[PDB]
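A quick write-up on the structure given underneath.
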Amino acid sequence: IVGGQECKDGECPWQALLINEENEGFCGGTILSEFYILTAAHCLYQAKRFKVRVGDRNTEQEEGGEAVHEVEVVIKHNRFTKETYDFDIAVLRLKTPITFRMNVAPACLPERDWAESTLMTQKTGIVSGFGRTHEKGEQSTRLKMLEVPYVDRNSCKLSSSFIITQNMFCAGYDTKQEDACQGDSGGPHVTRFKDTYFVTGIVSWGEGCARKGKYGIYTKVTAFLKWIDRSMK
Amino acid sequence: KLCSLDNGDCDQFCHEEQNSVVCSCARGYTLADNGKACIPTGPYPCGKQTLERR
Ligand SMILES: O=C1[C@@H]2[C@H](C(=O)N1CCC[N+]1(CCO)CCCC1)[C@H](c1cc(-c3ccc(Cl)s3)on1)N1CCC[C@@H]21
Ligand code: NA
Ligand code: NA
């Protein structure tokens with residue numbers, strides 16, 4: 001996360017971190033239930049093997065509330081395309097269930113039509129993660145969050161060197177230096193409605209991070225709410 | 001009455017019928033008797049920050 005702020009205690013409890021062969025984070029995820037994590041399909045190609053950590057705010061401090069879970073099943077979207085990152089969505093079933101507790105709770109899945117009329121029409125959503133703090137920088141050891149404006153599709157398309165499909169949406173800023181970045185991808189984009197946070201996006205890709213005239217690109221979760229339900233059985 | 005004005009007074013999901021609105025809630029909540037509020041069924045309902053340290 002470029003700009004934004006450190007997440008306060010209890011404020012990002014649905015954040016998950018995918019950890020590679022080293023316990024180093026390389027992608028985010030979103031807790032959906034005791035057994036399921038939402039992430040980006042492209043994250044599945046970026047480490048040979050990985051596990052999921054929940055409850056962490058500081059990767060250099062053993063707080064006491066952190067837990068690591070192995071992955072039982074990876075459910076990738078069968079239309080995911082590496083070239084374009086279209087259909088950039090996957091669900092992970094964990095081998096053992098998450099125990100909800102301080103800093104560990106699921107985000108809500110909204111009903112589709114209401115999400116479209118009520119969540120996607122809000123001014124902003126929130127993105128979070130442990131990713132880089134500037135494009136060419138290092139990953140944050142502390143969990144960060146950032147309020148990102150929704151950006152209209154026409155503007156989104158004009159700004160991008162790559163196709164923006166209807167499975168994607170833009171969020172962020174034209175010139176203000178705040179964005180998600182490498183290491184945040186796969187993580188949550190949530191939208192607040194009367195103090196409840198609903199999953200609206202998956203951090204997917206960008207052309208650099210926080211570049212002028214470029215936005216953050218997110219998987220449009222509304223297009224996949226039925227797919228998520230089926231994947232979770 | 002309409003979901004476009006104050007979300008039909010619903011705490012979470014709102015849908016319009018012929019004359020009325022119907023509210024509903026995410027899994028882990030029960031719709032309150034008043035037909036508007038969403039009441040968590042457990043201590044870690046979805047979408048809530050974990051602020052009340054138990
Ligand atoms: O090249 C990179 C990588 C990676 C990334 O997405 N890009 C763009 C990939 C672009 N596509 C493939 C290459 O053509 C084309 C469209 C879909 C993927 C990475 C990155 C950028 C981001 C985000 C920025 C804003 C977000 Cl929201 S996510 O997350 N990871 N860039 C920063 C450092 C390296 C470079
Ligand atoms: Na920690
Ligand atoms: Na920008």
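Each chain in the structure tokens gets a letter, A, B and so on, in the order shown; residues start at 1 in every chain, and ligands are counted from 1 in the order they appear.
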List as a tab-separated table every residue of chain A that is in contact with chain B, defined as an atom at most 7 Å from one of its atoms (using only C-alpha atoms), together with the nearest atom pair and the distance in Å rounded to one decimal, sorted by chain and then rising number.
residue	atom	partner	partner_atom	distance
A:10	CA	B:50	CA	4.5
A:11	CA	B:49	CA	5.0
A:12	CA	B:49	CA	6.8
A:13	CA	B:49	CA	6.4
A:100	CA	B:44	CA	6.3
A:102	CA	B:50	CA	5.5
A:103	CA	B:50	CA	6.1
A:105	CA	B:44	CA	5.9
A:106	CA	B:46	CA	4.8
A:107	CA	B:47	CA	4.3
A:108	CA	B:46	CA	4.8
A:110	CA	B:26	CA	6.9
A:114	CA	B:13	CA	6.3
A:194	CA	B:11	CA	6.8
A:196	CA	B:47	CA	4.8
A:197	CA	B:47	CA	4.2
A:198	CA	B:47	CA	6.0
Practice prompt. Could you give me, as a PyMOL selection string, the residues within 8 Å of region 177-189 of chain A, counting only C-alpha atoms and dropping anything in the same chain fewer than 2 positions from it?
Written response: chain A and resi 1-4+14-17+25-30+38-41+43+125-135+139+146+148+172-173+175+191+199-206+208-212+215-216+218
Residues of region 104-178 of chain A classed as strand (DSSP E or B) by DSSP on the backbone are to be reported as a CSV table (one decimal) with N, CA and C atoms, in the first residue's frame.
chain,number,residue,atom,x,y,z
A,104,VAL,N,-9.3,-11.4,13.5
A,104,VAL,CA,-9.6,-12.6,12.6
A,104,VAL,C,-11.1,-12.8,12.5
A,108,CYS,N,-18.2,-9.8,4.7
A,108,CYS,CA,-19.4,-10.2,4.2
A,108,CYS,C,-19.5,-10.3,2.7
A,124,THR,N,-16.2,5.6,-2.2
A,124,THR,CA,-15.0,4.9,-2.0
A,124,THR,C,-15.2,3.5,-1.5
A,125,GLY,N,-14.1,2.7,-1.6
A,125,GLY,CA,-13.9,1.4,-0.9
A,125,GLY,C,-12.6,1.5,-0.2
A,126,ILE,N,-12.2,0.4,0.5
A,126,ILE,CA,-11.0,0.3,1.2
A,126,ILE,C,-10.2,-0.9,0.7
A,127,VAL,N,-8.9,-0.7,0.5
A,127,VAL,CA,-8.0,-1.8,0.1
A,127,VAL,C,-7.0,-1.9,1.2
A,128,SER,N,-6.4,-3.1,1.5
A,128,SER,CA,-5.5,-3.3,2.5
A,128,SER,C,-4.4,-4.3,2.1
A,129,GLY,N,-3.3,-4.3,2.8
A,129,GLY,CA,-2.3,-5.3,2.6
A,129,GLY,C,-0.9,-4.9,3.2
A,132,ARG,N,4.2,-3.4,-1.1
A,132,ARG,CA,5.2,-2.3,-1.2
A,132,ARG,C,4.6,-0.9,-0.9
A,139,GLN,N,8.2,-4.3,0.8
A,139,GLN,CA,7.0,-4.6,1.4
A,139,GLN,C,6.9,-4.0,2.8
A,142,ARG,N,4.1,-3.8,8.4
A,142,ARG,CA,2.8,-3.5,9.1
A,142,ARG,C,1.7,-3.5,8.1
A,144,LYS,N,-1.4,-2.2,6.2
A,144,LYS,CA,-1.8,-0.9,5.9
A,144,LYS,C,-3.2,-1.0,5.2
A,145,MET,N,-3.9,0.1,5.3
A,145,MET,CA,-5.2,0.3,4.5
A,145,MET,C,-5.2,1.6,3.9
A,146,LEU,N,-6.1,1.7,2.9
A,146,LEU,CA,-6.2,2.9,2.1
A,146,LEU,C,-7.6,3.0,1.5
A,147,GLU,N,-8.2,4.2,1.7
A,147,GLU,CA,-9.5,4.5,1.0
A,147,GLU,C,-9.2,4.9,-0.4
A,148,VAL,N,-9.9,4.2,-1.3
A,148,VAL,CA,-9.7,4.4,-2.8
A,148,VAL,C,-11.0,4.7,-3.4
A,149,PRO,N,-11.1,5.9,-4.1
A,149,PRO,CA,-12.3,6.2,-4.8
A,149,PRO,C,-12.6,5.2,-5.9
A,150,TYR,N,-13.9,4.9,-6.1
A,150,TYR,CA,-14.3,4.2,-7.4
A,150,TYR,C,-14.0,5.2,-8.5
A,151,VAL,N,-13.6,4.6,-9.6
A,151,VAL,CA,-13.2,5.3,-10.9
A,151,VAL,C,-14.1,4.8,-12.0
A,168,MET,N,-13.5,-6.5,-14.3
A,168,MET,CA,-12.6,-5.6,-13.6
A,168,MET,C,-13.2,-4.3,-13.4
A,169,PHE,N,-12.7,-3.6,-12.3
A,169,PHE,CA,-13.0,-2.2,-12.2
A,169,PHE,C,-11.8,-1.5,-11.7
A,170,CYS,N,-11.7,-0.2,-12.0
A,170,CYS,CA,-10.7,0.8,-11.5
A,170,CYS,C,-11.1,1.4,-10.1
A,171,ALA,N,-10.0,1.6,-9.3
A,171,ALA,CA,-10.2,2.4,-8.1
A,171,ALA,C,-8.9,3.1,-7.8
Discussion item. Considering only helix (DSSP H, G or I) as DSSP defines it on the backbone, what residues of chain B qualify? List them as a list in words.
Written reply: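 Residues of chain B classed as helix (DSSP H, G or I): residues 6, 7, 8 and 9 of chain B.
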Discussion item. If the limit is 6 Å from any atom of ligand 2, counting only C-alpha atoms and all ligand atoms, which residues qualify? Return them as a PyMOL selection string.
Written reply: chain A and resi 56-63
Restrict the selected residues to N, CA and C atoms and save them as a PDB file, in the first residue's frame.
ATOM      1  N   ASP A  56      -2.446 -11.425  11.648  1.00  0.00           N
ATOM      2  CA  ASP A  56      -1.187 -10.733  11.724  1.00  0.00           C
ATOM      3  C   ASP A  56      -1.386  -9.249  11.391  1.00  0.00           C
ATOM      4  N   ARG A  57      -0.751  -8.385  12.165  1.00  0.00           N
ATOM      5  CA  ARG A  57      -0.631  -6.965  11.836  1.00  0.00           C
ATOM      6  C   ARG A  57       0.801  -6.511  11.635  1.00  0.00           C
ATOM      7  N   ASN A  58       1.751  -7.261  12.184  1.00  0.00           N
ATOM      8  CA  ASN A  58       3.151  -6.875  12.182  1.00  0.00           C
ATOM      9  C   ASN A  58       3.945  -8.131  11.947  1.00  0.00           C
ATOM     10  N   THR A  59       4.566  -8.234  10.781  1.00  0.00           N
ATOM     11  CA  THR A  59       5.223  -9.473  10.428  1.00  0.00           C
ATOM     12  C   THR A  59       6.554  -9.709  11.153  1.00  0.00           C
ATOM     13  N   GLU A  60       7.024  -8.707  11.902  1.00  0.00           N
ATOM     14  CA  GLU A  60       8.247  -8.815  12.683  1.00  0.00           C
ATOM     15  C   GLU A  60       7.988  -8.941  14.177  1.00  0.00           C
ATOM     16  N   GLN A  61       6.747  -9.122  14.596  1.00  0.00           N
ATOM     17  CA  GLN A  61       6.419  -9.256  16.015  1.00  0.00           C
ATOM     18  C   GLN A  61       5.469 -10.418  16.173  1.00  0.00           C
ATOM     19  N   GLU A  62       5.767 -11.289  17.147  1.00  0.00           N
ATOM     20  CA  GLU A  62       4.872 -12.390  17.500  1.00  0.00           C
ATOM     21  C   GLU A  62       3.912 -11.866  18.561  1.00  0.00           C
ATOM     22  N   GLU A  63       2.746 -11.435  18.119  1.00  0.00           N
ATOM     23  CA  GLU A  63       1.758 -10.836  19.000  1.00  0.00           C
ATOM     24  C   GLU A  63       1.166 -11.905  19.920  1.00  0.00           C
TER      25      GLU A  63
END
Worksheet item: With distances taken over only C-alpha atoms, which of A:47, A:119, A:52, A:74 is nearest to residue 89 (chain A)?
Response: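 Among A:47, A:119, A:52, A:74, it is A:74 that comes nearest to residue 89 (chain A).
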